[PDB]
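# Curious how this folds, go ahead:
(one chain, ligands or ions: 2)
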Amino acid sequence: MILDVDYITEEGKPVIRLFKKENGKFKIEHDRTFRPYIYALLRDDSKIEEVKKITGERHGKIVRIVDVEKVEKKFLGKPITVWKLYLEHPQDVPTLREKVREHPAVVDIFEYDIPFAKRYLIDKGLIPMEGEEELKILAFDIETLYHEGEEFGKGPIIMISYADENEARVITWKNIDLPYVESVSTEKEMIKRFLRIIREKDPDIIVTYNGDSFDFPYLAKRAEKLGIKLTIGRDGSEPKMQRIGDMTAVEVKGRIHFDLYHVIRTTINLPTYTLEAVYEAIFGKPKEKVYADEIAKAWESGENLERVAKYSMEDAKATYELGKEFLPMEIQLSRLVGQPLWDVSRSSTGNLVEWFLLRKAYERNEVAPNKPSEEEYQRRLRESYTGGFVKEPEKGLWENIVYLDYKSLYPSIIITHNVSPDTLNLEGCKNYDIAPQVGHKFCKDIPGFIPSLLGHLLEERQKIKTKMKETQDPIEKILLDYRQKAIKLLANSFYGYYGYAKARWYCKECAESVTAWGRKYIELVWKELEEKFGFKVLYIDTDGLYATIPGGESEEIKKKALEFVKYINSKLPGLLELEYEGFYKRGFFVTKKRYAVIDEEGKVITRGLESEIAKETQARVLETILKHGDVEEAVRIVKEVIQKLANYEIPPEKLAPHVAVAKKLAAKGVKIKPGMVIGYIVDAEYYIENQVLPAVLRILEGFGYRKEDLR
Ligand SMILES: [Mn+2]
Ligand SMILES: [Mn+2]
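Numbering: from 1, shown residues only. Ligands and ions are numbered 1, 2, ... in the order given. Dropping the coordinates below:
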């Protein structure tokens, strides 16, 4: 197996190193028969002897242009010949190139900014995390004392916890009568246990949580000070900070520092991403947090520290557990992409796709277009591309509603009309379809670079969804489940790619035509659904829509629906396809992205809607409409409220303005600052107006009523 790749310089020369993991062995391969490079497009290959002499001048030394044999590739489909001008060090590159696009004989230069080790795995076809070796996973978190003010690292490290598959400890330097804490004389020794531990344990992957930004550099700052090498890599070297997106990461030699944070912050969209926030969302249970309740430590070394311990063993076990979960996704994106996980982990899906293409461009012998200049890229931030539908809803309480899904509408549009910058209004094609409203024309005589790739992603995703339904090893099954969810994440992000400012394969027209092609099928389904099948369409949304037959009998609407889906697929082109998503006993659609519904089994989904006078009231409202089908009873419920408020009869309990009550807490040494737990309590025109009404008032526009009377 592979884990990583980087290069060292052994004097004026670059060397690739491979961290392989191999049958309980761990090691290093250095390869030195590999060299840096770029392409030059040329005026007349004849110059070749003129455009080699190009000198540089780096480090107080002379860069030059080593060996330069001629090659034949393809660009956007078109065969085209060019000059592979090789080099010596990948740093000879940033110093050579400008001299070259600035030479009269050269038209363009290409692939001039690919990091070396990345260029290495792609050109040699190597894929990281490939095997099926048992990686050793270890997670850890640390706990501090946020001093009176803010330096970062004046607060000692109160605790150091860690976790894995056998246990989860906490290492600390105070006394705590717990079976899973380990006490050690000082904070110097705490750090040492930790080091000795990663030594006995020796993990291949170390999992943290915002350890990039916190756990790791806190540790460092707090040792460049206490006289202790953070001997954490496998070559017995310390964690090292590395540049990435503008923010700043930590690679750890021989092991893989995988920082949960950057990874979660993607799949499931989330209000906040506190560990607790995250830990809940994915397996339910709950946690505990908002601190500086470290009083247990500070003078006032009162117990309760027993509490705090519990919490560290927690920060970890949680961290470990999400890691085990969110990790296979990333192992897989790394695998599809052909790059390394400390890397893969830290890049937008936008980017994973780009490496997905640099790699599929080498494999099929196609020069990669260059990234955008600052200017071409300045434009792009120019907006408004164009995304499909959202038309307004047939208002009203409806019942026996049916929801119809498009099986991956965009990956499907792209594949079917061969939408691609490289098929785009290409000259003299003989076969071609035309983008609905904007006339862009995508040729059809030849697959299209992204279309064939996408088609192949979708085709391998079916071989996995299919093999699963067949498998009894539950190990193979979850693993396959992983392969698929990744291909899926990836296949689904090409749309946005086309729209990406920095995509090398930018093509806003490819993006407009999909969106637009998107509108035409929706409609069509919408027509057909209403005309040929007598349904009233209730509300369309970018991939699908809700429908029914007013007053219609319910296990008929289902069956007419079922029926209509097989009617339509036969009318839809290539691989466009609708599917039957769900049946909801009732629902109503206020407007654009506000609406609600409940299924045959009492569950309520609502997006766009949702104090405790409102909370309790907006919900009684909801029950009545959904569960008991009644609009009156609920106004009948806003009323018996707008009136217990102007009558004044409701527990002083459902109310829990800012700033304002660090107005009495000022006695308790309660030196509150914008980061201290506070679940604090706080008109008539209020409660009824700034409060109750707006929260029951959106739902209701939906039936026309209005604040007045309501009052
Ligand atoms: Mn790496
Ligand atoms: Mn923590």
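# Could you check which helix or strand contains the closest residue to ligand 2 within the stretch 201-350 of the chain?
At 4.1 Å from ligand 2, residue 315 is the closest residue in the stretch 201-350 of the chain, using C-beta to the ion. C-beta: built from backbone N, CA, C; applies to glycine. In the assignment (DSSP states H and E), residue 315 maps to helix 305-337.
# if we can go back for a sec, let me see the contact set for the residue of the stretch 201-350 of the chain closest to ligand 2.
141, 143, 161, 209, 275 (C-beta atoms under 8 Å, 6 or more residues apart in numbering).
# and with 6 Å instead?
residue 141 (C-beta atoms under 6 Å, 6 or more residues apart in numbering).
# Would you agree residue 648 falls within a strand?
No - assessed with DSSP: H, G, I helix; E, B strand; the rest coil, residue 648 is coil; it does not lie in a strand.
# any idea how far it is from residue 684?
8 Å (C-beta to C-beta, to the nearest Å).
# can you check residue 61 too?
From residue 61 to residue 684 the distance is 81 Å (C-beta to C-beta).
# which residue sits closest to the spatially most central residue of the chain in space, ignoring its chain neighbours?
Geometric centre of the chain, nearest residue: residue 266, 2.3 Å, by C-alpha atoms, centre = their mean. Leaving aside its chain neighbours, residue 266 sits nearest to residue 349 (6.8 Å; criterion: C-beta to C-beta, 6 or more residues apart in numbering).
# Residue 561 too?
residue 402 (4.6 Å).
# okay, now that neighbour: neighbour count?
26 (other C-beta atoms under 10 Å).
# need the contact list for it.
Applying C-beta under 6 Å, 6+ apart, the residues near residue 402 are 547-548, 561, 583.
# switch to 8 Å and redo it
Counting by C-beta under 8 Å, 6+ apart, residue 402 has contacts 535, 546-548, 557-558, 561, 580, 582-583.
# Out of the residues you listed, who's the most crowded?
Going by other C-beta under 10 Å, residue 547 tops the contacts of residue 402 with 26 neighbours.
# Who is it paired with across the strands?
Applying DSSP bridges to residue 547 yields these beta-bridge partners: residue 402, residue 537.
# was I right about it contacting residue 536?
Yes - if you go by C-beta atoms under 8 Å, residue 547 and residue 536 touch, sitting 6.9 Å apart.
# Return the distance of residue 603 relative to residue 269.
20 Å.
# With neighbour numbers in mind, choose between those two.
The residue with more neighbours, out of residue 603 and residue 269, is residue 603; 10 against 6, by other C-beta under 10 Å.
# Does anything pack onto the top strand by length along the chain? Which helices or strands?
The longest strand of the chain (DSSP state E) is strand 578-591. Contacts defined by 3 or more C-beta pairs under 8 Å, 6 or more residues apart in numbering; DSSP states H and E place strand 578-591 against strand 398-406, strand 544-548, helix 557-569, strand 594-599, helix 612-626, helix 693-701.
# can you do 6 Å?
When contacts are defined as 3 or more C-beta pairs under 6 Å, 6 or more residues apart in numbering; DSSP states H and E, strand 578-591 packs onto strand 398-406, helix 557-569, strand 594-599.
# any chance of these in CSV, plus distance to residue 88?
Formatted as CSV, the helices and strands packed on strand 578-591 follow (distance: least, C-beta to C-beta, whole Å):
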stretch, distance to residue 88
strand 398-406, 53
helix 557-569, 58
strand 594-599, 62
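# I'd like to know which of those is closest to ligand 2.
strand 594-599 (37.7 Å).
# Just the CA coordinates for the closest one, please, in PDB.
C-alpha atoms of strand 594-599 as PDB (Å, rounded to 0.1, in the frame of the first residue of the first chain):
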ATOM      1  CA  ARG A 594     -40.900  26.600   2.100                       C
ATOM      2  CA  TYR A 595     -43.200  23.700   2.400                       C
ATOM      3  CA  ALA A 596     -44.200  20.700   4.600                       C
ATOM      4  CA  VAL A 597     -45.600  17.200   4.400                       C
ATOM      5  CA  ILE A 598     -46.100  14.000   6.500                       C
ATOM      6  CA  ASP A 599     -45.800  10.400   5.300                       C
END
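# how about it: buried residues?
594-598 (16 or more other C-beta atoms under 10 Å).
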